[PDB]
$ cat model-v8.txt   # compact mmCIF, C-alpha atoms (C1' of nucleotides)
# COMPACT_ATOMS: atom_id res chain seq x y z
CA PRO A 1 -12.43 20.37 -33.02
CA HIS A 2 -9.51 17.90 -33.08
CA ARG A 3 -9.77 14.28 -31.97
CA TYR A 4 -7.12 11.58 -32.21
CA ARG A 5 -8.20 8.18 -33.51
CA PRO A 6 -8.57 5.29 -31.05
CA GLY A 7 -5.07 3.93 -30.41
CA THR A 8 -2.92 6.97 -31.22
CA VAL A 9 -3.00 8.35 -27.69
CA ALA A 10 -2.65 4.86 -26.21
CA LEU A 11 0.59 4.40 -28.16
CA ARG A 12 1.70 7.88 -27.07
CA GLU A 13 1.15 6.83 -23.45
CA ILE A 14 3.10 3.60 -23.97
CA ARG A 15 6.10 5.53 -25.26
CA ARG A 16 5.72 8.07 -22.45
CA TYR A 17 5.60 5.57 -19.58
CA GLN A 18 8.20 3.20 -21.00
CA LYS A 19 10.46 6.22 -21.27
CA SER A 20 10.13 7.13 -17.57
CA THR A 21 10.72 5.44 -14.19
CA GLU A 22 8.41 7.18 -11.69
CA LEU A 23 6.05 5.10 -9.56
CA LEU A 24 2.62 4.80 -11.15
CA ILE A 25 0.42 4.03 -8.15
CA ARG A 26 -0.46 6.82 -5.69
CA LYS A 27 1.56 6.76 -2.45
CA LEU A 28 -1.15 7.08 0.20
CA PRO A 29 -3.62 4.44 -1.02
CA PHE A 30 -0.79 1.96 -1.54
CA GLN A 31 0.46 2.61 1.99
CA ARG A 32 -3.08 2.20 3.32
CA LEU A 33 -3.40 -1.12 1.49
CA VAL A 34 -0.04 -2.34 2.81
CA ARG A 35 -0.96 -1.55 6.41
CA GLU A 36 -4.36 -3.22 6.01
CA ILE A 37 -2.88 -6.42 4.61
CA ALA A 38 -0.09 -6.42 7.20
CA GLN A 39 -2.62 -6.18 10.06
CA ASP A 40 -4.03 -9.64 9.27
CA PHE A 41 -0.60 -11.15 9.89
CA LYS A 42 0.68 -9.22 12.91
CA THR A 43 -0.75 -6.74 15.39
CA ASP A 44 0.76 -3.39 16.39
CA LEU A 45 3.07 -3.12 13.37
CA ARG A 46 4.88 -0.01 12.24
CA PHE A 47 6.67 0.50 8.91
CA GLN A 48 9.92 2.11 7.85
CA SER A 49 9.27 4.61 5.03
CA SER A 50 11.73 2.81 2.76
CA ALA A 51 9.97 -0.48 3.51
CA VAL A 52 6.74 0.80 1.98
CA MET A 53 8.69 2.26 -0.93
CA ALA A 54 10.41 -1.12 -1.35
CA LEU A 55 7.06 -2.88 -1.47
CA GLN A 56 5.79 -0.40 -4.06
CA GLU A 57 8.81 -0.73 -6.35
CA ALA A 58 8.47 -4.51 -6.15
CA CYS A 59 4.71 -4.50 -6.74
CA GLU A 60 4.84 -2.15 -9.72
CA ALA A 61 7.73 -4.06 -11.29
CA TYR A 62 5.70 -7.25 -10.86
CA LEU A 63 2.56 -5.81 -12.42
CA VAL A 64 4.42 -4.27 -15.38
CA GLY A 65 6.12 -7.60 -16.12
CA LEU A 66 2.84 -9.46 -15.79
CA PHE A 67 1.24 -7.00 -18.21
CA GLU A 68 4.05 -7.68 -20.67
CA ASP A 69 3.30 -11.42 -20.57
CA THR A 70 -0.46 -10.78 -20.64
CA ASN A 71 0.00 -8.64 -23.73
CA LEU A 72 1.93 -11.48 -25.36
CA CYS A 73 -0.99 -13.80 -24.61
CA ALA A 74 -3.52 -11.37 -26.09
CA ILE A 75 -1.44 -10.97 -29.27
CA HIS A 76 -1.06 -14.76 -29.44
CA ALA A 77 -4.86 -14.96 -29.73
CA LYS A 78 -4.74 -12.37 -32.53
CA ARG A 79 -6.14 -9.64 -30.28
CA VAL A 80 -4.75 -6.24 -29.26
CA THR A 81 -6.94 -6.03 -26.16
CA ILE A 82 -5.86 -7.68 -22.91
CA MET A 83 -8.53 -9.63 -21.05
CA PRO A 84 -8.67 -11.49 -17.71
CA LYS A 85 -8.08 -14.83 -19.49
CA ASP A 86 -4.78 -13.44 -20.79
CA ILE A 87 -3.67 -12.64 -17.24
CA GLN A 88 -4.82 -16.05 -16.05
CA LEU A 89 -2.90 -17.86 -18.81
CA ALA A 90 0.23 -15.83 -18.03
CA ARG A 91 -0.03 -16.58 -14.31
CA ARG A 92 -0.68 -20.28 -14.89
CA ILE A 93 2.39 -20.62 -17.11
CA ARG A 94 4.50 -18.60 -14.65
CA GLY A 95 3.56 -21.20 -12.04
CA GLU A 96 1.48 -18.75 -10.03
CA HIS B 1 -9.46 5.69 22.61
CA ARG B 2 -10.32 3.98 19.25
CA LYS B 3 -9.13 3.79 15.60
CA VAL B 4 -11.50 2.59 12.85
CA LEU B 5 -11.48 -0.45 10.49
CA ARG B 6 -11.02 0.29 6.72
CA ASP B 7 -11.18 -1.33 3.24
CA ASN B 8 -8.47 -0.19 0.68
CA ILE B 9 -7.93 -2.26 -2.58
CA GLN B 10 -10.16 0.07 -4.69
CA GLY B 11 -7.67 2.85 -3.99
CA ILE B 12 -5.49 1.29 -6.66
CA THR B 13 -7.42 3.17 -9.32
CA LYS B 14 -8.24 2.39 -12.95
CA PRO B 15 -5.95 5.09 -14.38
CA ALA B 16 -3.05 3.78 -12.26
CA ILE B 17 -3.55 0.25 -13.55
CA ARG B 18 -3.76 1.73 -17.04
CA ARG B 19 -0.40 3.46 -16.52
CA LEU B 20 1.14 0.20 -15.33
CA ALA B 21 -0.24 -1.56 -18.41
CA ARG B 22 1.12 1.16 -20.71
CA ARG B 23 4.59 0.69 -19.24
CA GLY B 24 3.97 -3.00 -19.94
CA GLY B 25 3.35 -2.13 -23.58
CA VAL B 26 -0.43 -2.64 -23.62
CA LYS B 27 -2.41 -0.66 -26.21
CA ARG B 28 -6.00 -1.73 -25.49
CA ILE B 29 -7.60 -2.85 -22.24
CA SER B 30 -10.79 -4.74 -21.41
CA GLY B 31 -13.02 -3.24 -18.71
CA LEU B 32 -12.76 -6.41 -16.61
CA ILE B 33 -8.97 -6.12 -16.29
CA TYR B 34 -8.98 -3.68 -13.42
CA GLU B 35 -10.73 -5.86 -10.86
CA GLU B 36 -8.69 -8.82 -12.00
CA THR B 37 -5.54 -6.82 -11.57
CA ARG B 38 -6.57 -5.84 -8.09
CA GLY B 39 -7.04 -9.43 -7.05
CA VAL B 40 -3.67 -10.32 -8.47
CA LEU B 41 -2.03 -7.40 -6.71
CA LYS B 42 -3.56 -8.33 -3.42
CA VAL B 43 -2.29 -11.87 -3.60
CA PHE B 44 1.20 -10.70 -4.42
CA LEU B 45 1.25 -8.18 -1.64
CA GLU B 46 -0.10 -10.65 0.85
CA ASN B 47 2.57 -13.21 0.15
CA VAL B 48 5.44 -10.78 0.34
CA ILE B 49 4.14 -9.05 3.39
CA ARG B 50 3.47 -12.33 5.16
CA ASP B 51 7.14 -13.23 4.82
CA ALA B 52 8.39 -9.73 5.65
CA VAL B 53 6.55 -9.65 8.93
CA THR B 54 7.83 -13.08 9.77
CA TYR B 55 11.33 -11.68 9.55
CA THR B 56 10.24 -8.70 11.61
CA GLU B 57 8.86 -10.98 14.28
CA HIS B 58 12.01 -13.11 14.39
CA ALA B 59 14.05 -9.97 15.09
CA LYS B 60 11.58 -9.22 17.90
CA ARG B 61 10.73 -5.86 16.35
CA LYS B 62 7.42 -4.04 15.84
CA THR B 63 8.72 -2.11 12.83
CA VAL B 64 8.96 -3.67 9.39
CA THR B 65 12.26 -2.59 7.86
CA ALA B 66 13.31 -2.27 4.22
CA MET B 67 15.56 -5.28 4.79
CA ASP B 68 12.62 -7.39 5.99
CA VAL B 69 10.93 -6.69 2.66
CA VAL B 70 14.12 -7.30 0.68
CA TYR B 71 14.64 -10.70 2.32
CA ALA B 72 11.01 -11.66 1.67
CA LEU B 73 11.35 -10.69 -1.98
CA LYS B 74 14.66 -12.50 -2.33
CA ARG B 75 13.30 -15.70 -0.86
CA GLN B 76 10.39 -15.46 -3.27
CA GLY B 77 12.80 -15.29 -6.22
CA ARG B 78 12.04 -11.62 -6.84
CA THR B 79 15.37 -10.02 -5.88
CA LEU B 80 15.21 -6.24 -5.45
CA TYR B 81 18.23 -3.94 -5.82
CA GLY B 82 18.44 -0.52 -4.18
CA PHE B 83 17.15 -0.78 -0.62
CA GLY B 84 20.01 -2.39 1.31
CA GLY C 1 -29.22 -13.43 26.20
CA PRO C 2 -27.64 -14.78 23.02
CA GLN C 3 -25.36 -12.87 20.68
CA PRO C 4 -25.81 -14.54 17.28
CA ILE C 5 -22.49 -14.89 15.48
CA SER C 6 -23.79 -12.68 12.66
CA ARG C 7 -22.82 -9.61 14.70
CA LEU C 8 -19.23 -10.86 14.76
CA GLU C 9 -19.13 -10.32 10.98
CA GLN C 10 -19.43 -6.53 11.37
CA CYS C 11 -16.29 -6.51 13.54
CA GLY C 12 -14.36 -7.54 10.41
CA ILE C 13 -14.10 -11.28 10.72
CA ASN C 14 -14.59 -12.46 7.16
CA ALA C 15 -17.88 -14.26 6.45
CA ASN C 16 -16.15 -17.49 5.43
CA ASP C 17 -14.73 -17.85 8.93
CA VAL C 18 -18.20 -17.33 10.40
CA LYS C 19 -19.50 -20.07 8.11
CA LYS C 20 -16.65 -22.30 9.30
CA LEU C 21 -17.65 -21.58 12.90
CA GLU C 22 -21.27 -22.49 12.14
CA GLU C 23 -20.12 -25.68 10.38
CA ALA C 24 -18.15 -26.41 13.55
CA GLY C 25 -21.39 -25.60 15.33
CA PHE C 26 -20.81 -22.11 16.71
CA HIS C 27 -23.79 -19.93 15.87
CA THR C 28 -23.46 -17.07 18.37
CA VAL C 29 -20.80 -14.60 19.42
CA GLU C 30 -21.42 -16.16 22.82
CA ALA C 31 -20.28 -19.44 21.26
CA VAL C 32 -16.96 -18.14 19.92
CA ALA C 33 -16.46 -15.91 22.96
CA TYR C 34 -16.30 -18.40 25.84
CA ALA C 35 -13.75 -20.64 24.15
CA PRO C 36 -9.93 -20.57 24.07
CA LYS C 37 -8.01 -19.97 20.83
CA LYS C 38 -7.43 -23.64 20.07
CA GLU C 39 -11.11 -24.45 19.50
CA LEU C 40 -11.36 -22.12 16.52
CA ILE C 41 -7.92 -23.07 15.17
CA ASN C 42 -8.76 -26.78 14.95
CA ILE C 43 -11.62 -25.87 12.59
CA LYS C 44 -10.76 -26.36 8.93
CA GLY C 45 -9.68 -23.15 7.25
CA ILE C 46 -9.00 -21.13 10.40
CA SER C 47 -5.57 -19.81 11.34
CA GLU C 48 -4.34 -18.54 14.70
CA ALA C 49 -4.59 -14.93 13.47
CA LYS C 50 -8.26 -15.33 12.58
CA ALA C 51 -8.89 -16.96 15.96
CA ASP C 52 -7.24 -14.03 17.74
CA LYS C 53 -9.32 -11.58 15.71
CA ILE C 54 -12.46 -13.53 16.59
CA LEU C 55 -11.76 -13.66 20.32
CA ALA C 56 -10.74 -9.99 20.46
CA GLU C 57 -13.77 -8.76 18.53
CA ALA C 58 -16.03 -11.11 20.49
CA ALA C 59 -14.66 -9.66 23.73
CA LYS C 60 -15.53 -6.27 22.26
CA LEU C 61 -19.06 -7.50 21.50
CA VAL C 62 -19.28 -9.76 24.56
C1' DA D 1 -2.50 12.95 12.39
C1' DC D 2 -4.11 16.87 11.02
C1' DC D 3 -5.49 21.64 8.29
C1' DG D 4 -5.69 24.23 4.13
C1' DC D 5 -5.18 25.36 -0.47
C1' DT D 6 -4.57 24.12 -5.36
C1' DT D 7 -5.00 21.82 -9.35
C1' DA D 8 -4.43 17.95 -11.96
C1' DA D 9 -6.42 13.64 -12.18
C1' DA D 10 -10.57 10.90 -11.97
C1' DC D 11 -15.24 10.39 -13.34
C1' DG D 12 -19.52 10.43 -15.81
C1' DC D 13 -21.43 10.68 -20.23
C1' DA D 14 -22.06 11.18 -25.44
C1' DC D 15 -20.85 9.35 -29.69
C1' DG D 16 -18.80 7.06 -33.36
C1' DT D 17 -16.38 3.37 -35.12
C1' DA D 18 -12.87 -0.33 -35.07
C1' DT E 1 -21.21 -3.40 -29.38
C1' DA E 2 -17.75 -2.17 -26.40
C1' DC E 3 -13.99 0.80 -26.10
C1' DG E 4 -11.37 5.00 -27.37
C1' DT E 5 -11.65 10.04 -27.51
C1' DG E 6 -13.21 14.40 -25.92
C1' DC E 7 -15.41 17.54 -22.60
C1' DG E 8 -17.43 19.43 -18.41
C1' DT E 9 -17.56 18.50 -13.45
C1' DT E 10 -15.95 17.02 -9.12
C1' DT E 11 -12.92 14.84 -6.12
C1' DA E 12 -8.93 13.87 -3.91
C1' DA E 13 -4.03 13.53 -4.26
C1' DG E 14 -0.27 16.33 -3.41
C1' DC E 15 2.44 19.70 -1.04
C1' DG E 16 3.78 22.44 2.69
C1' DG E 17 3.78 23.38 7.85
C1' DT E 18 3.38 21.89 12.22

$ encode --input "model-v8.txt" --output "C-alpha cells"
Amino acid sequence: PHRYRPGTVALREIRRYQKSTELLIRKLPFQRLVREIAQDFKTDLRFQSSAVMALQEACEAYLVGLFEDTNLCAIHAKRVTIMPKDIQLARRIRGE
Amino acid sequence: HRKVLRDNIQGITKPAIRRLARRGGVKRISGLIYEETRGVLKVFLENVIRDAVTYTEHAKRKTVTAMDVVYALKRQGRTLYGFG
Amino acid sequence: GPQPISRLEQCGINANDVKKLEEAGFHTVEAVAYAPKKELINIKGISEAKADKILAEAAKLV
DNA sequence: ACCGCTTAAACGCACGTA
DNA sequence: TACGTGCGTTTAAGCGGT
C-alpha cells in the first residue's frame, strides 16, 4: 500500500495553506471562546457578526505570523521542529 | 430562567493549530506546542477584547461592533483592514 | 450556619481569587457575601469585575 | 436556540524511522 | 524515542430551515 515519507505531506500542506486565505479555526468554538473571555470584562454583552469575524481574522493573522517567527527560531537552533521555547523566544524578542 | 457556565479554549483544536502553523511555514511540530499556542491565543484575545469592550462601554452600548474591535486592534499596533 | 468559601469556587470564581480572599482572611461564602464590593477590590490581585462576580455568585449561594 | 441529517474531520492506535 | 504516516472508528462541525 502507498505511504508518503515523513515530511512530504507536511510540505504539501504548507504549500496548500499558504496558497489559500480561508479561516483555519472553526467558527463556533472561536465564537464561544470570544463570548467567554468577553464575559469577564463586561456583563450582558452582545456581538455584531462582523465583530467576531474581525477578531478571528486578527487572531489567525497573529498566530500565523508568530509561527513564522517561531519557525525561524527553531531553524536558528538547527532544528526543523518548533517547540514551546521557540515560541517563548519569539514572544520575548517581540516585546510580548 | 438560567443559562449555564462553560469552558472553551480546548475547542481550538490540534488540527486547526496545525493548519495555522502550516500557513506559517512550519514543517514539524512538537506535541507540547498546542497547549502553548492556546495560552498564547488566550492572552491575545483577552487583551484585544478588553479594549474592544471598553470602547463599547464608552459608547453606552451592549453590542460590541466591528469598529470597537478595529479600534482596539489599531491602538495595539495591529491595524486591521477590511471591517470599517 | 457557615458557607465555606470553597463552594464559591464552583460558581466560577477562579481559585486564585479564593486564595486571595483567604489571605485577606475570608474563609467562607458568608465572609465574602456580607461585604460591599470595595472590601474585595482592596485585596491584592482582585479587580472590580472579580468582586462583582464574587458578590453575585455569593448571593446565589447565600 | 434549536432539530436533523451528512460527512469530513478528529481521534486513537500501530509501526517504523528520521 | 518521539513524531510522521496510514487506517478504522467516532464525533461534531457544517448546512439548511425555522

$ axis_aligned_box --input "model-v8.txt" --around "region 9-16 of chain E" --padding-each-side "5 Å" --output "lines of an AutoDock Vina configuration file"
center_x = -6.9
center_y = 18.0
center_z = -5.4
size_x = 31.3
size_y = 18.9
size_z = 26.1

$ atom_distance --input "model-v8.txt" --atom1 "CA of residue 55 (chain C)" --atom2 "CA of residue 32 (chain C)"
6.9 Å

$ closest_atom_pairs --input "model-v8.txt" --of "chain B" --to "chain E" --cutoff "10 Å" --atoms "only C-alpha atoms (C1' of nucleotides)" --output "JSON lines"
{"residue": "B:28", "atom": "CA", "partner": "E:3", "partner_atom": "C1'", "distance": 8.4}
{"residue": "B:29", "atom": "CA", "partner": "E:3", "partner_atom": "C1'", "distance": 8.3}
{"residue": "B:30", "atom": "CA", "partner": "E:3", "partner_atom": "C1'", "distance": 7.9}
{"residue": "B:31", "atom": "CA", "partner": "E:3", "partner_atom": "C1'", "distance": 8.5}

$ closest_atom_pairs --input "model-v8.txt" --of "chain B" --to "chain A" --cutoff "9 Å" --atoms "only C-alpha atoms" --output "tab-separated table"
residue	atom	partner	partner_atom	distance
B:5	CA	A:36	CA	8.9
B:6	CA	A:36	CA	7.6
B:7	CA	A:36	CA	7.6
B:8	CA	A:33	CA	5.2
B:9	CA	A:33	CA	6.2
B:10	CA	A:29	CA	8.7
B:11	CA	A:29	CA	5.3
B:12	CA	A:25	CA	6.7
B:13	CA	A:25	CA	8.0
B:15	CA	A:25	CA	9.0
B:16	CA	A:25	CA	5.4
B:17	CA	A:25	CA	7.7
B:19	CA	A:24	CA	6.3
B:20	CA	A:64	CA	5.5
B:21	CA	A:67	CA	5.6
B:22	CA	A:14	CA	4.5
B:23	CA	A:18	CA	4.7
B:24	CA	A:68	CA	4.7
B:25	CA	A:14	CA	5.7
B:26	CA	A:71	CA	6.0
B:27	CA	A:10	CA	5.5
B:28	CA	A:81	CA	4.5
B:29	CA	A:81	CA	5.1
B:30	CA	A:83	CA	5.4
B:31	CA	A:83	CA	8.2
B:32	CA	A:84	CA	6.6
B:33	CA	A:84	CA	5.6
B:34	CA	A:84	CA	8.9
B:36	CA	A:84	CA	6.3
B:37	CA	A:63	CA	8.2
B:40	CA	A:63	CA	8.6
B:41	CA	A:59	CA	7.3
B:42	CA	A:37	CA	8.3
B:44	CA	A:59	CA	7.5
B:45	CA	A:59	CA	7.2
B:46	CA	A:37	CA	6.3
B:48	CA	A:55	CA	8.3
B:49	CA	A:38	CA	6.3
B:50	CA	A:41	CA	6.4
B:53	CA	A:42	CA	7.1
B:54	CA	A:41	CA	8.6
B:57	CA	A:42	CA	8.5
B:61	CA	A:45	CA	8.7
B:62	CA	A:45	CA	5.1
B:63	CA	A:46	CA	4.4
B:64	CA	A:47	CA	4.8
B:65	CA	A:48	CA	5.3
B:66	CA	A:51	CA	3.9
B:67	CA	A:51	CA	7.5
B:68	CA	A:51	CA	7.8
B:69	CA	A:51	CA	6.3
B:70	CA	A:54	CA	7.5
B:73	CA	A:58	CA	8.0
B:78	CA	A:58	CA	8.0
B:79	CA	A:58	CA	8.8
B:80	CA	A:58	CA	7.0
B:82	CA	A:54	CA	8.5
B:83	CA	A:54	CA	6.8

$ residues_around --input "model-v8.txt" --residues "residue 48 (chain C)" --least-positions-apart "2" --cutoff "12 Å" --atoms "only C-alpha atoms (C1' of nucleotides)" --output "list in words"
residues 40, 41 and 42 of chain A; 17, 36, 37, 38, 39, 40, 41, 42, 43, 44, 45, 46, 50, 51, 52, 53, 54 and 55 of chain C

$ atom_distance --input "model-v8.txt" --atom1 "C1' of residue 7 (chain D)" --atom2 "CA of residue 18 (chain B)"
21.5 Å

$ residues_around --input "model-v8.txt" --residues "region 57-59 of chain C" --least-positions-apart "3" --cutoff "7 Å" --atoms "all atoms listed in the file" --output "list in words"
residues 8, 11, 29, 33, 53, 54 and 62 of chain C

$ build_atoms --input "model-v8.txt" --residues "region 37-63 of chain B" --atoms "N, CA, C and O atoms" --output "mmCIF file, keeping the file's coordinate frame"
data_model
loop_
_atom_site.group_PDB
_atom_site.id
_atom_site.type_symbol
_atom_site.label_atom_id
_atom_site.label_comp_id
_atom_site.auth_asym_id
_atom_site.auth_seq_id
_atom_site.Cartn_x
_atom_site.Cartn_y
_atom_site.Cartn_z
ATOM 1 N N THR B 37 -6.861 -7.268 -11.959
ATOM 2 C CA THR B 37 -5.540 -6.820 -11.570
ATOM 3 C C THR B 37 -5.486 -6.645 -10.076
ATOM 4 O O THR B 37 -4.544 -7.110 -9.429
ATOM 5 N N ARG B 38 -6.567 -6.117 -9.511
ATOM 6 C CA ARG B 38 -6.570 -5.840 -8.090
ATOM 7 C C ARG B 38 -6.408 -7.129 -7.315
ATOM 8 O O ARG B 38 -5.557 -7.214 -6.427
ATOM 9 N N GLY B 39 -7.126 -8.164 -7.740
ATOM 10 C CA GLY B 39 -7.040 -9.430 -7.050
ATOM 11 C C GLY B 39 -5.616 -9.909 -7.106
ATOM 12 O O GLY B 39 -5.013 -10.214 -6.065
ATOM 13 N N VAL B 40 -5.031 -9.843 -8.297
ATOM 14 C CA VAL B 40 -3.670 -10.320 -8.470
ATOM 15 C C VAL B 40 -2.750 -9.550 -7.551
ATOM 16 O O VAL B 40 -2.004 -10.161 -6.770
ATOM 17 N N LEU B 41 -2.930 -8.229 -7.508
ATOM 18 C CA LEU B 41 -2.030 -7.400 -6.710
ATOM 19 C C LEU B 41 -2.127 -7.824 -5.276
ATOM 20 O O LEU B 41 -1.103 -8.072 -4.627
ATOM 21 N N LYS B 42 -3.359 -8.033 -4.820
ATOM 22 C CA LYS B 42 -3.560 -8.330 -3.420
ATOM 23 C C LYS B 42 -2.821 -9.593 -3.056
ATOM 24 O O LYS B 42 -2.013 -9.582 -2.120
ATOM 25 N N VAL B 43 -2.926 -10.603 -3.919
ATOM 26 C CA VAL B 43 -2.290 -11.870 -3.600
ATOM 27 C C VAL B 43 -0.808 -11.644 -3.460
ATOM 28 O O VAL B 43 -0.233 -11.957 -2.413
ATOM 29 N N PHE B 44 -0.235 -10.937 -4.428
ATOM 30 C CA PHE B 44 1.200 -10.700 -4.420
ATOM 31 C C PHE B 44 1.589 -10.043 -3.126
ATOM 32 O O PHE B 44 2.408 -10.594 -2.374
ATOM 33 N N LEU B 45 0.868 -8.979 -2.785
ATOM 34 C CA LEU B 45 1.250 -8.180 -1.640
ATOM 35 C C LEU B 45 1.206 -9.062 -0.422
ATOM 36 O O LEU B 45 2.210 -9.194 0.295
ATOM 37 N N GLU B 46 0.102 -9.800 -0.306
ATOM 38 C CA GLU B 46 -0.100 -10.650 0.850
ATOM 39 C C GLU B 46 1.097 -11.548 1.055
ATOM 40 O O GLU B 46 1.754 -11.470 2.103
ATOM 41 N N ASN B 47 1.501 -12.240 -0.005
ATOM 42 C CA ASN B 47 2.570 -13.210 0.150
ATOM 43 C C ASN B 47 3.816 -12.522 0.645
ATOM 44 O O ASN B 47 4.313 -12.860 1.724
ATOM 45 N N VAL B 48 4.196 -11.435 -0.022
ATOM 46 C CA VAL B 48 5.440 -10.780 0.340
ATOM 47 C C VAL B 48 5.337 -10.308 1.763
ATOM 48 O O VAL B 48 6.200 -10.621 2.594
ATOM 49 N N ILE B 49 4.217 -9.672 2.086
ATOM 50 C CA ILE B 49 4.140 -9.050 3.390
ATOM 51 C C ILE B 49 4.144 -10.122 4.457
ATOM 52 O O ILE B 49 4.831 -9.970 5.471
ATOM 53 N N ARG B 50 3.480 -11.244 4.182
ATOM 54 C CA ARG B 50 3.470 -12.330 5.160
ATOM 55 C C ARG B 50 4.895 -12.728 5.527
ATOM 56 O O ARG B 50 5.210 -12.882 6.702
ATOM 57 N N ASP B 51 5.757 -12.879 4.530
ATOM 58 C CA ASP B 51 7.140 -13.230 4.820
ATOM 59 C C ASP B 51 7.880 -12.095 5.529
ATOM 60 O O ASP B 51 8.597 -12.340 6.497
ATOM 61 N N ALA B 52 7.657 -10.859 5.088
ATOM 62 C CA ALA B 52 8.390 -9.730 5.650
ATOM 63 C C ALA B 52 8.182 -9.641 7.144
ATOM 64 O O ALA B 52 9.141 -9.579 7.921
ATOM 65 N N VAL B 53 6.926 -9.779 7.541
ATOM 66 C CA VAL B 53 6.550 -9.650 8.930
ATOM 67 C C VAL B 53 7.138 -10.779 9.736
ATOM 68 O O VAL B 53 7.562 -10.584 10.883
ATOM 69 N N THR B 54 7.232 -11.945 9.103
ATOM 70 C CA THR B 54 7.830 -13.080 9.770
ATOM 71 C C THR B 54 9.240 -12.709 10.162
ATOM 72 O O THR B 54 9.597 -12.824 11.337
ATOM 73 N N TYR B 55 9.982 -12.115 9.228
ATOM 74 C CA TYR B 55 11.330 -11.680 9.550
ATOM 75 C C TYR B 55 11.295 -10.677 10.675
ATOM 76 O O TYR B 55 12.016 -10.829 11.662
ATOM 77 N N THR B 56 10.355 -9.739 10.593
ATOM 78 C CA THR B 56 10.240 -8.700 11.610
ATOM 79 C C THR B 56 10.030 -9.339 12.970
ATOM 80 O O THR B 56 10.626 -8.913 13.959
ATOM 81 N N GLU B 57 9.196 -10.374 13.009
ATOM 82 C CA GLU B 57 8.860 -10.980 14.280
ATOM 83 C C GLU B 57 10.060 -11.746 14.822
ATOM 84 O O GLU B 57 10.290 -11.751 16.032
ATOM 85 N N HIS B 58 10.833 -12.377 13.938
ATOM 86 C CA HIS B 58 12.010 -13.110 14.390
ATOM 87 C C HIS B 58 13.007 -12.175 15.076
ATOM 88 O O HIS B 58 13.660 -12.554 16.045
ATOM 89 N N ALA B 59 13.114 -10.950 14.562
ATOM 90 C CA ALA B 59 14.050 -9.970 15.090
ATOM 91 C C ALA B 59 13.498 -9.322 16.357
ATOM 92 O O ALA B 59 14.136 -8.452 16.950
ATOM 93 N N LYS B 60 12.309 -9.768 16.757
ATOM 94 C CA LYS B 60 11.580 -9.220 17.900
ATOM 95 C C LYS B 60 11.402 -7.713 17.785
ATOM 96 O O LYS B 60 11.630 -6.975 18.745
ATOM 97 N N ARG B 61 11.002 -7.266 16.600
ATOM 98 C CA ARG B 61 10.730 -5.860 16.350
ATOM 99 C C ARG B 61 9.241 -5.649 16.072
ATOM 100 O O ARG B 61 8.514 -6.602 15.785
ATOM 101 N N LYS B 62 8.795 -4.401 16.175
ATOM 102 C CA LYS B 62 7.420 -4.040 15.840
ATOM 103 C C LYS B 62 7.414 -3.184 14.576
ATOM 104 O O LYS B 62 6.357 -2.758 14.112
ATOM 105 N N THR B 63 8.597 -2.931 14.028
ATOM 106 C CA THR B 63 8.720 -2.110 12.830
ATOM 107 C C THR B 63 9.282 -2.923 11.677
ATOM 108 O O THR B 63 10.395 -3.443 11.749
#
